[PDB]
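**Student:** Following this: a sequence and the matching experimental structure.
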Amino acid sequence: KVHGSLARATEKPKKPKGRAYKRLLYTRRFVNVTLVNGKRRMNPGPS
Amino acid sequence: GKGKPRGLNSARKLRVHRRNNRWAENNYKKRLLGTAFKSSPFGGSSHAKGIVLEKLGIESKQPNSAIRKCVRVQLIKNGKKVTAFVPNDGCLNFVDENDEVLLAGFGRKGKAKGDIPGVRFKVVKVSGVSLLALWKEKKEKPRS
Amino acid sequence: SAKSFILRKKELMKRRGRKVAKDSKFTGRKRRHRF
Amino acid sequence: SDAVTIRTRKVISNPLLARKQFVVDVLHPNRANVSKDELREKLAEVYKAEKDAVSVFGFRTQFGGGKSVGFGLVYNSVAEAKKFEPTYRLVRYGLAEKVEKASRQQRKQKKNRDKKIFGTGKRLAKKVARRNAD
Amino acid sequence: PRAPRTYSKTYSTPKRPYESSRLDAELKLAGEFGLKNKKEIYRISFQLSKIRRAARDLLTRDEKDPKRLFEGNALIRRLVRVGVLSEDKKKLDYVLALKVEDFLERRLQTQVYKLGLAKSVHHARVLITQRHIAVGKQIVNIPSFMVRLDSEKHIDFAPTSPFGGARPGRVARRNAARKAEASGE
RNA sequence: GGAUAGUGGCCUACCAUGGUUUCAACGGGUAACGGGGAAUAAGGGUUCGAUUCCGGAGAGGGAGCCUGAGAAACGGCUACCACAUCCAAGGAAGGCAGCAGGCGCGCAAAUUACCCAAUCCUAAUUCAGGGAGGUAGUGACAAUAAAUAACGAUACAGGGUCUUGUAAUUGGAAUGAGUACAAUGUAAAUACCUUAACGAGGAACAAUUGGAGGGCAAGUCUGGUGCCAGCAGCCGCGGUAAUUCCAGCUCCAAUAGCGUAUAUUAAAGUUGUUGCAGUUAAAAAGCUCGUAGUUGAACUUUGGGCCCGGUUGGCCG
């Protein structure tokens, strides 16, 4: 919790950031839309 | 018609009719008299720093409680005493007596998320550190 | 009484005819523990 | 790089100071940089210069490398190139020698030490030696 | 007391930041050109608005007014030479009907992708910032370069930048060092 | 007449009784230096301008004056007032609203650094000097440009013999953040530009700040704590003026930026000249006369004819 004195010289692998993050949204949003219910839902729980 | 002079040499009336009716405003009249410099707890200031005196149990109700209670603080420049607002519980152990907090206006309110009447000064910093960083375990507050 | 207010206005917009999301057990909760 | 080339643009014969200005442009396709003293050398036998009489002082490598542009001026007859040139370039070329003097603060504190003394103080030193001892 | 160096903003955030029609419109632009943030669309929609506003106040002016003739033909020349207009739409009534995607099409990373050399639009951007693509003879790493019509045919690989020969990179160099001491002997 | 560099009630002697004002005189307030200008944009406007330029004034408060072409000068003097320094107790010395710096104040503001190399200025003068100025340090005031990955192969899911997504599957390429010979840079350095050498396989070289009844963009999510004279009784369900009591998951926006507070502007036609409203919602004087103010019927060379030389489109080229 405390910062290290000499520091300045579950886990899921990180999302890309910046330009590559927008590539993830553009793939996710609309190229090959994953879940289709006729109204394009965006965040379901247990279906 | 329309109830006002309109002819081409009537600019004196149109200039001074507006001047008197502007006094029935609220932002304009509060600005020219400078009531920020005469009556407000903040002397026209955005923030103010003050010494906390005591902490109040201004609680939601008796024991089954939505705990949002805060303190009685005297501003250091004009010497006026105001009522403060602290965030959620767990920050009351930070604010002891005589900590010299830096407090800002509260302002916006809805019909939820804090509906306490009579308080308009949230506490931003205590003892010169923070309350966001002190609550989220970024730093520690020195004891007086 | 925040939960009473949030439900009270919500079926009012059924009668007014506008979209509104269907509910769950976060309706009257502080979505954010504050600063 | 097979060979670096130097190109002189906007040459101005300046008999007011008996020198010539020119915008020196050097193409170094690979190596690292200009190596100014080699340009001091190459701008000697570019015509006839007797290399102490040539001078280059501004240089800036273009973005991405390869091209470097700058200002360079050549005198004739190095004797007045000793005169018209500023001192800091002659020290930079090693043609003159850097004089050693005190800092700004010590020079001025020395100046105001004298400003309180009227005359040479040769009487005062004799006065205060008698004053301290006797 | 030196003269104040003038500065000005080159982008403007929208007044209505949350509309599902425009939020999907700008995200469509970001994916197909590979834009880092929404400032890039904001910047184009700023200078596009400046061009349309300047040309709009010229159109209130009458015909054959030399202020309109001089400034108008200047604005037509600048957009055609960049390449936003074609050669058949050199009139002030067509610059009002310009679109944001016309400017984005004239970028460097968009143009280097249209000339082969990229195989994807995001590879076009990351190739440029690694100081590989040189316009004419000078190495650029700015993806908003706005390639002119005359400098269209000069976009190649630099004489540096190991994809154009000249002493491959450090990753291959260490790789060449490793197989020299392992498989060489 | 005196005085001044000089006009002039500027002062003096005498003699007149004038001068300003409802077209706002005079007095009062200004948390008022004036202006070029700044923000805000459908127009007109509203608000701001201590602050890089021009002009004014002041050097703790007043006054008086020497020198000089020029000063009512304060990095000049004299006196008084208010602070304040030294001591041998007799006396002496003061003025950072100049540059660094410190105390006090407050929400609120940097190094007791380097140099005259540039820009210019002063002098007896190419040479000396300049906290004027420049260089550098601190500096998320504000502004510009855009790193945090790209490509291939294998196996599945597709659209369907050519096109995409998925995987603790796999492969080599490329590069700067860094360190650093050298060189450029600079008064001398730092830094930028160039570059020999080292420098990427994810808990590496790991991006945050906010938000999810509508605004509005984003949940028929989860766990735990406390209460119910509520149903049921192996479990649970529901409420909970716990205005959700405490945490987590998921999703959305902006992005090396983001949130909050105060002020102001747009939205705003809630200051309305453009452009509000007064029957019943705020608001038509109880009624009439009447000065300033504002506004005020129509009417006096209209028409016709002649030629001349022009700028625009064309039948024409």
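**Tutor:** That came in fine, so what should we check first? Numbering: from 1, shown residues only, chains lettered A, B, ... in the order given.
**Student:** Geometric centre of chain E: which residue is closest?
**Tutor:** For chain E, the residue nearest the mean C-alpha position is residue E:107 (2.3 Å; C-alpha atoms, centre = their mean).
**Student:** tell me the strands in the chain, going along the chain?
**Tutor:** The chain I'm using is chain A. In chain A, no strands are found when defined by DSSP state E.
**Student:** actually it's chain D I care about, not the one you picked
**Tutor:** Going by DSSP E, chain D shows strands at D:5-14, D:19-27, D:54-61, D:67-75.
**Student:** Just send these back as a markdown table, with distance to residue E:177 and mean neighbour count too.
**Tutor:** The way it works is simple: take the backbone N, C-alpha and C, and place the C-beta from them, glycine included. Shown next, in a markdown table, are the strands of chain D (distance: least, C-beta to C-beta, whole Å; neighbours: other C-beta atoms under 10 Å in any protein chain shown):
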| stretch | distance to residue E:177 | mean neighbour count |
| --- | --- | --- |
| strand D:5-14 | 34 | 12 |
| strand D:19-27 | 32 | 19 |
| strand D:54-61 | 30 | 17 |
| strand D:67-75 | 32 | 20 |
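**Student:** and residue B:31, what is it in contact with?
**Tutor:** Residue B:31 is in contact with no residue at all, counting by C-beta atoms under 8 Å, 6 or more residues apart in numbering or on different chains.
**Student:** quick one: secondary structure of it?
**Tutor:** helix (DSSP: H, G, I helix; E, B strand; the rest coil).
**Student:** Buried residues of the longest strand anywhere in chain B, list them for me.
**Tutor:** Across chain B, the strand with the greatest residue count (assigned by DSSP E) is strand B:47-55. Using 16 or more other C-beta atoms under 10 Å in any protein chain shown as the test for burial, strand B:47-55 gives B:48, B:50, B:52, B:55.
**Student:** right, and the last one touches residue B:73 too?
**Tutor:** Just to be clear, that refers to residue B:55. No. If you go by C-beta atoms under 8 Å, residue B:55 and residue B:73 don't touch, sitting 9.9 Å apart.
**Student:** SS state for residue C:5?
**Tutor:** helix.
**Student:** what's the burial count for it?
**Tutor:** 12 (other C-beta atoms under 10 Å in any protein chain shown).
**Student:** Contacts only, for it.
**Tutor:** Counted by C-beta under 8 Å, 6+ apart, residue C:5 has contacts B:111, B:112.
**Student:** looking at the strands of chain D, which is closest to residue E:10?
**Tutor:** strand D:54-61 (26.6 Å; C-beta to C-beta).
**Student:** Describe which strands that closest one pairs with in its sheet and in which direction.
**Tutor:** strand D:67-75 (antiparallel) (DSSP bridges).
**Student:** Only alpha carbons, please: show the strand it pairs with as CSV.
**Tutor:** Extracted C-alpha coordinates of strand D:67-75, given in CSV (Å, rounded to 0.1, in the frame of the first residue of the first chain):
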residue,chain,number,x,y,z
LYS,D,67,21.1,17.0,-44.4
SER,D,68,22.7,19.7,-42.2
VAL,D,69,22.5,23.4,-42.9
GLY,D,70,24.3,26.3,-41.3
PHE,D,71,26.1,29.6,-41.6
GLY,D,72,29.8,29.9,-42.3
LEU,D,73,32.0,32.8,-43.1
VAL,D,74,35.6,32.9,-44.5
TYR,D,75,38.0,35.8,-44.2
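**Student:** which residues touch that strand?
**Tutor:** With C-beta under 8 Å, 6+ apart, strand D:67-75 has contacts from D:8, D:17-28, D:33-34, D:39, D:43, D:49, D:53-62, D:81, D:84.
**Student:** Repeat the analysis, applying 6 Å as the threshold.
**Tutor:** Contacts with strand D:67-75, where a contact means C-beta atoms under 6 Å, 6 or more residues apart in numbering or on different chains, come from D:19-21, D:24-27, D:34, D:49, D:53-56, D:58-59, D:61, D:81.
**Student:** Is it in proximity to RNA strand F?
**Tutor:** Yes. Counting by C-beta under 7 Å from any atom of the strand, RNA strand F has neighbours in strand D:67-75: D:68, D:70.
**Student:** go on, stretch D:31-39?
**Tutor:** Yes. Stretch D:31-39 lies within reach of RNA strand F by C-beta under 7 Å from any atom of the strand, at D:32, D:33, D:34, D:35, D:36, D:37.
**Student:** Any idea how far apart the tips of that stretch sit?
**Tutor:** 14 Å (C-alpha to C-alpha, to the nearest Å).
**Student:** out of all of them, which helix in chain B is the longest?
**Tutor:** When chain B is scanned for its longest helix (criterion: DSSP state H), the result is helix B:11-21.
**Student:** export it as PDB, just CAs?
**Tutor:** Output in PDB follows, covering the C-alpha atoms of helix B:11-21 (Å, rounded to 0.1, in the frame of the first residue of the first chain):
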ATOM      1  CA  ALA B  11     -32.800  56.900 -26.800                       C
ATOM      2  CA  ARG B  12     -32.600  58.700 -23.400                       C
ATOM      3  CA  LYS B  13     -35.800  57.100 -22.200                       C
ATOM      4  CA  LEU B  14     -34.800  53.700 -23.600                       C
ATOM      5  CA  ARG B  15     -31.400  53.900 -21.900                       C
ATOM      6  CA  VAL B  16     -32.700  54.900 -18.500                       C
ATOM      7  CA  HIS B  17     -35.800  52.700 -18.500                       C
ATOM      8  CA  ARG B  18     -33.500  49.700 -18.800                       C
ATOM      9  CA  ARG B  19     -31.300  51.000 -16.000                       C
ATOM     10  CA  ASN B  20     -34.100  51.100 -13.400                       C
ATOM     11  CA  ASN B  21     -35.600  47.800 -14.400                       C
END
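**Student:** which other residues reach that helix?
**Tutor:** So helix B:11-21 is contacted by residue B:5 (C-beta under 6 Å, 6+ apart).
**Student:** The same query, at a cut-off of 10 Å, please.
**Tutor:** By C-beta atoms under 10 Å, 6 or more residues apart in numbering or on different chains, the list of residues contacting helix B:11-21 from outside reads B:4, B:5, B:6, B:7, B:10.
**Student:** so how many other residues sit close to the closest residue to residue D:84 other than its chain neighbours?
**Tutor:** Once flanking residues are discounted, residue D:84 sits nearest to residue D:17: 5.1 Å by C-beta to C-beta, 6 or more residues apart in numbering or on different chains. Residues within reach of residue D:17, counting by other C-beta under 10 Å, total 14.
**Student:** show me what contacts residue D:17?
**Tutor:** D:73, D:75, D:80, D:81, D:83, D:84, D:85.
**Student:** Can you add distance to residue D:1 and give these back as CSV?
**Tutor:** CSV is the format used below for those (distance: C-beta to C-beta, whole Å):
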residue, distance to residue D:1
D:73, 26
D:75, 29
D:80, 36
D:81, 31
D:83, 37
D:84, 34
D:85, 31
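**Student:** Let me know the closest of those residues to chain E.
**Tutor:** Set against chain E, the nearest of the contacts of residue D:17 by C-beta to the nearest C-beta is residue D:73 (27.3 Å).
**Student:** Contact residues of chain A facing RNA strand F?
**Tutor:** A:11-14, A:16-21, A:23, A:25, A:27-28, A:31-32, A:41-47.
**Student:** List buried residues within those.
**Tutor:** A:19, A:23.
**Student:** quick one: residue B:42 from chain A, how far?
**Tutor:** 35 Å (C-beta to the nearest C-beta, to the nearest Å).
**Student:** again, but for residue B:140
**Tutor:** 9 Å.
**Student:** Fine by me, thanks again.
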